[PDB]
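Derivation of every value follows stated rules applied to the coordinates shown; laboratory data play no part. Counting neighbours? That spans all protein chains shown, and the Cβs are built from the backbone with ideal geometry, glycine included.
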Amino acid sequence: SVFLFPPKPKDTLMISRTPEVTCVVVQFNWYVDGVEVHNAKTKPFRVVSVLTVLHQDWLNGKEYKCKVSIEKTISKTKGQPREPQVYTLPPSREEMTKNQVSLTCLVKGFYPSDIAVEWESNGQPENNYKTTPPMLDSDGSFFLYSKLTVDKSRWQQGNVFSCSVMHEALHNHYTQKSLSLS
Amino acid sequence: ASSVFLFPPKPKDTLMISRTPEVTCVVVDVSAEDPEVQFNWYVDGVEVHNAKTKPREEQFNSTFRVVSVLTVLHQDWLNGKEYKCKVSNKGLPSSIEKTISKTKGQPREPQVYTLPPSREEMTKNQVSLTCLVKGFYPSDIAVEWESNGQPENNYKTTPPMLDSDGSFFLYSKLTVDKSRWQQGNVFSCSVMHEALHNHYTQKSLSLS
Ligand SMILES: *[C@@H]1O[C@H](CO[C@@H]2O[C@@H](C)[C@@H](O)[C@@H](O)[C@@H]2O)[C@@H](O[C@@H]2O[C@H](CO)[C@@H](O[C@@H]3O[C@H](CO[C@H]4O[C@H](CO)[C@@H](O)[C@H](O)[C@@H]4O[C@@H]4O[C@H](CO)[C@@H](O)[C@H](O)[C@H]4NC(C)=O)[C@@H](O)[C@H](O[C@H]4O[C@H](CO)[C@@H](O)[C@H](O)[C@@H]4O)[C@@H]3O)[C@H](O)[C@H]2NC(C)=O)[C@H](O)[C@H]1NC(C)=O
């Protein structure tokens, strides 16, 4: 049997990273848009072959075919890309009876579902956050929420937190939205 | 050969006394060349005879599927009784059994917070009203929205997700026309969970 895996979403969106398609057999011929390419790297039973893809090729829907000597074909999810709308929501006043409070990042209206969300403060990643998997909304687009938990003191003292979102339909494939007491 | 799957009642059914919770035992990969599929059901090891077993149904992969459904009492389920479905073939000694009960662990009461739309969303025709539900255990929960006495339909609720402290959280997002929000209408996020007093709480929000 043969299995073919796409690049990691982040690798396709950031030019500093190198996206790859992975062919796993549990000899290789690789094709991009039916044209044979010869730059894949094959590690010496499980056999793995890895093809580096160009960012623009992948995002532009080119098809990647792995032929083992059985054939598999993969490409980016199809459908009109839609820009994530990113909104930061402060903790409820009612949550202030607790020692920790919840900072919320709502990300909605995006397509495809491939996305990365992180929370930070002072340019450093926050340790305590969790993000819901994207979920289908009424209009066929996706939403999610990322919940950052912080000591209440850090919130009350006016510290600035930021929700970072990486998606293909954003300018520079990246946006940051701030959240602090105001 | 056969595979048996045993499903718990829906959380809304266990938490609302007027609803009827049930456990469902499903047998797949049944061959019609084998003897009749038989179900024996047990509550805390004691055999019960009130299950309703459906006729077998041919599937589109040269197999049959057979379902048996057992009504459960609300207090029995909530008190942690164990429900065993034992599947066998008439005249053969071998069997497959599955057991299910309410998730074990110290129950923890959900904290429920309502969050208005971001100022930045107010440039759209529709806005998002958020209900954060956190700190709960077990994950079994029901969340709904109402306004002016009536259910609000246009919401989506994320599945419970494990938080860093072993409890669960979710968010429910209600989409409303901005004019409805702007004119002062009160919206209510309703939550049903075993660890709440009366298995019920509601939190409201409106423009203020
Ligand atoms: C022959 O066909 C059988 C019937 O399938 C139907 O017909 C065929 C021809 C196809 O067209 C199918 O697409 C079609 O569905 C197959 O039966 C299936 O067998 C598999 C096991 O091989 C079962 O998988 C198990 O599914 C569990 C979840 O099941 C719920 O959710 C399903 C997916 O959404 C849904 O289809 C099911 O009906 C079921 O729905 C629940 O029903 C209960 C009771 O009625 C309700 O109260 C719930 O609300 C319903 N839930 C939802 C979400 O709607 C999984 O939990 C389970 O995973 C667990 O076990 C495995 C180990 O087995 C672990 O690895 C895993 O980690 C986890 O612990 C598992 O995936 C499937 O349910 C069966 N389908 C039906 C309809 O009964 C046969 O397999 C096939 N035979 C062969 C040889 O091919």
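Scanning region B:90-113 for residues that are outside any loop (DSSP other than H, G, I, E, B) and either away from every other protein chain (no Cβ under 14 Å) or basic (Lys, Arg) (or both) yields a count of 7. Just one of the numbered conditions (1) under 18 Å from A:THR104 (Cβ atoms); (2) buried (at least 16 other Cβ atoms within 10 Å of the Cβ); (3) of a type in the set (D, E, K, R) is not true of B:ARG108: (1). From the list A:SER92, A:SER113, the one residue that fits, being of a type in the set (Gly, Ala, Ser) and within 17 Å of the chain's Cα centre (by Cα), is A:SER113. Within region B:22-78, restricting attention to residues that are within 10 Å of the ligand (Cβ to nearest atom) and either among the small types (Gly, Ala, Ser) or not in a strand (DSSP E or B) (or both), the residue that is farthest from the chain's Cα centre (by Cα) is B:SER62.
In region A:170-182, the residue that is surrounded by the fewest Cβ atoms within 10 Å (Cβ to Cβ) out of those that are among the small types (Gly, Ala, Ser) and assigned to a loop (DSSP other than H, G, I, E, B) is A:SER182. Does region A:136-143 include one or more residues that are at the interface with chain B (Cβ under 10 Å from one of its Cβ atoms), under 23 Å from B:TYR113 (Cβ atoms) and not polar (S, T, N, Q)? The answer is yes; a qualifying residue exists.
Annotation: of all residues in region B:139-169 being of a type in the set (A, V, I, L, M, F, W, C) and within 19 Å of B:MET16 (Cα to Cα), the one that is surrounded by the fewest Cβ atoms within 10 Å (Cβ to Cβ) is B:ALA142.
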